[PDB]
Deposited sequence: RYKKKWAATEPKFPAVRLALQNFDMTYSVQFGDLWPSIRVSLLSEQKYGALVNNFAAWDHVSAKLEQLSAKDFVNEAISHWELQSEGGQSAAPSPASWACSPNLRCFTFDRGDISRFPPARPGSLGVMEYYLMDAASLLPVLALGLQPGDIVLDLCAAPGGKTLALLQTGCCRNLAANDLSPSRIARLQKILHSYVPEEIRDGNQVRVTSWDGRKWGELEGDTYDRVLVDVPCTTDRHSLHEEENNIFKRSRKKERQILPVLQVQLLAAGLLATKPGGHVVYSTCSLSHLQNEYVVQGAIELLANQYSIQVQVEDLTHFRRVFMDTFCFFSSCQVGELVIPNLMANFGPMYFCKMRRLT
């Protein structure tokens, strides 16, 4: 009867099927405290802040993964070709449950770091930003991935969009706390509250890089927060139509992408109906309705290099999936990179 309980019941039925013997280890992690990473603010004194985080015994898992890029014995390209650059995110060792202190403003008056599910950084990394990129964050609020996109220093322009005016107010608070009034109040960033599904009509063929981090059953949060829970009886229609909405959003993101450009779709759900199925649905929609060819890009090497930090469900048809584990209680985080070919 609590929505939190209907969520667990729903997950038990679906994810014991998806994951089998693996489900319990994921389940216990979903029901225990999430592990966080500290994304260093590159607009603050990043070197100093990095040193303070290191002194806590935390380590930059991005640098650690990247330093092993050409190990694994091969990589499709150098790390700098494949991953968005300049992102420093510190996490404690596997099995270490320490919390970071809350961030405070430093000398430049901006917050020193941003605490987040470390897994959330992966779709941003996998998107492969490069200098001069025109970038769209289609479902941006409250702005964790938006902030990371900006931190790369690769966004010549960043469109940050979110249908909800109130959640956009949270994103604006974050930009004001983290980003100097120079980048955020310039020509660089445009913040809107428009329906992301309309993007193909608004700015077709415009963006080099698009992130589509969709509304979803938000599995972990749905097990912990009773208020405005997607599993409430009052939202059942809404809940069940989610994959339709998710396909429409990814399709729009693709329509907004230049031919040759790249898109990362992500969710924080374990459900294949919201993950692989949506990727496949959008690609089919684009082929059939627009005669546009979309190619899923292989993130295998990317996954392998980050396996020192995250547990992954390796049998994903397309895309990759970080699964919660007690040794590394990150995610759920599904992500799939693709390129618009035509």
query	finding
Missing stretches, numbered from 1 on the deposited chain sequence and kept in order	1-12, 86-90
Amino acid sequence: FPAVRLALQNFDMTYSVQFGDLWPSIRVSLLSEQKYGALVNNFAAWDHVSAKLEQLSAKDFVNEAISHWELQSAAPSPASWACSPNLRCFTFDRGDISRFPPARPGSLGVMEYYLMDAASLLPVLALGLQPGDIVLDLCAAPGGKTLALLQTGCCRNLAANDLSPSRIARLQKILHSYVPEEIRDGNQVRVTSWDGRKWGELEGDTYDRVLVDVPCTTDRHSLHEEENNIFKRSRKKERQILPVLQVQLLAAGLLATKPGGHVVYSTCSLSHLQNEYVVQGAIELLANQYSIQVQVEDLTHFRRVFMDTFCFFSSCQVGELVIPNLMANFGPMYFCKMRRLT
From here on, numbers count along this sequence of modelled residues.
| query | finding |
| --- | --- |
| 115-123 versus 227-235 - greater average Cα B-factor per the deposited record | 227-235 |
| Which of 166-174 and 184-192 has higher mean CA B factor, as the PDB entry lists it | 184-192 |
| Maximum C-alpha temperature factor, selected from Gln317, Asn41, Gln274, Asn63 | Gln317 |
| Residue of maximum C-alpha B factor among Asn161, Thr152, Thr257, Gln240, per deposited coordinates | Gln240 |
| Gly331 - Cα temperature factor, lowest/middle/highest third of chain | lowest |
| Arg339 by Cα B-factor - lowest, middle or highest third of the modelled chain | lowest |
| Cα B factor band for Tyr290 (lowest, middle or highest third within the chain) | highest |
| Ranked against its chain, the third holding the CA B-factor of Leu147 | lowest |
| Relative C-alpha B-factor of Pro85, binned into the chain's lowest, middle or highest third | lowest |
